[PDB]
Amino acid sequence: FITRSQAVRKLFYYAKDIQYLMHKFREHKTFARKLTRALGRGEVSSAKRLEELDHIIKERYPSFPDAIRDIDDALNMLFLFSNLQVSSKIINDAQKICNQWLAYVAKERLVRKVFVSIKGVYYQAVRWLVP
RNA sequence: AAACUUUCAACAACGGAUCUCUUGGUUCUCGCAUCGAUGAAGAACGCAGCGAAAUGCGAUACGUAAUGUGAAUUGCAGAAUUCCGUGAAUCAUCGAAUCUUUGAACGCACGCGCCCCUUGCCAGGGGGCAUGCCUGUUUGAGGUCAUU
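Read left to right, the first sequence gives residues 15 to 25, 62 to 73, 79 to 107, 114 to 145, 150 to 190, 197 to 202 (the deposited numbering).
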């Protein structure tokens, strides 16, 4: 069997289900060198012109109910960031997402269990936590 | 004498010489430019029911695809055909396919490796990986200049 390091370099796992999986993140690296070239040129207009995961979601979760498997960690991370070198815009977006989720939950009032704890106020709809 | 040597008329054998002819050769004149990595010429193996040569064909193998003709092919068997019909010919045209192994011959050589993928540790199935050079994209390394 191909080792994890060897498989990653080529791209313990089954080779049958990994070889076919070899098929914009790599292309984005060119933007760094283009920006460096623009900086070297000393003009910012070209830099401004240069400046101007749905696919993975479906395969991981082919159906909406399947999202519940990872929704625990998803909500945990989102709520942790909502209260936390992360940019302020990322924090604001995470807080807005959590606020919208809470508003929708309150609209339907789909809550069954709660538990105030030292770690945080636990909740159940699916279980989720907020600090 | 018979037998046997020799000249000649007739009869009986060789060979195709003479005569007649040819889907032939040679020579003259006229129109055109038409080989090849999108794989040339050439060589080997197979293909028709029966097959020596020639021609055609490449496991779709004396052919497959398409149009015209309209009732065949023929040495033998065999097929039919609704033949008033989108339909037979070993017919003609031929623009669409297949195109075995070699061969400029092209994975590495003087047997024999790799990407791919697939339908079921492992495999069938399908295309490629030769060298010289031109344009473009990607990565890596090294000389100049800048670095308050």
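For each residue, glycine too, the CB sits at the ideal point set by N, CA and C.
Looking only at its chain, what residues have a beta carbon closer than 7 angstroms to the beta carbon of residue i, apart from the 5 residues adjacent to it on each side?
| i | result |
| --- | --- |
| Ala128 | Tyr122 |
| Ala159 | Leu139, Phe142 and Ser143 |
| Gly95 | none |
| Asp115 | none |
| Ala21 | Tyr63 and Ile68 |
Note down, in chain order, each residue of its chain lying with its Cβ closer than 6 angstroms to the Cβ of residue i, except the 5 sequence neighbours on either side.
| i | result |
| --- | --- |
| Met72 | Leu25 |
| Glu120 | none |
According to DSSP, residue i sits in a beta bridge with which residue or residues?
| i | result |
| --- | --- |
| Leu200 | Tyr187 |
| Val179 | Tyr188 |
| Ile16 | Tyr63 |
What is the C-beta distance between residue i and residue j, in whole angstroms, given that I count them as a contact (C-beta under 8 angstroms)?
| i | j | result |
| --- | --- | --- |
| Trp199 | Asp133 | 7 angstroms |
| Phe15 | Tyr64 | 7 angstroms |
| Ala87 | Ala93 | That pair is no contact at about 11 angstroms. |
| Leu167 | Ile156 | At roughly 16 angstroms, the Cβ-Cβ gap does not stay under 8 angstroms, so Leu167 and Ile156 are not in contact. |
Give every residue of the same chain whose Cβ lies closer than 8 angstroms to the Cβ of residue i, excluding the five residues on either side of it in the sequence, and list them in chain order.
| i | result |
| --- | --- |
| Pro126 | none |
| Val176 | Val170, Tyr188, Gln189 and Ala190 |
| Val186 | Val179, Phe180, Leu200 and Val201 |
| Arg18 | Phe62 and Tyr63 |
| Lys89 | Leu105 |
Applying the 10 Å Cβ sphere with the 16-neighbour rule, what's the burial state of residue i?
| i | result |
| --- | --- |
| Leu136 | buried |
Sufficient close CB pairs (3 or more, under 8 angstroms) joining the segment 130–142 to the segment 158–165: yes
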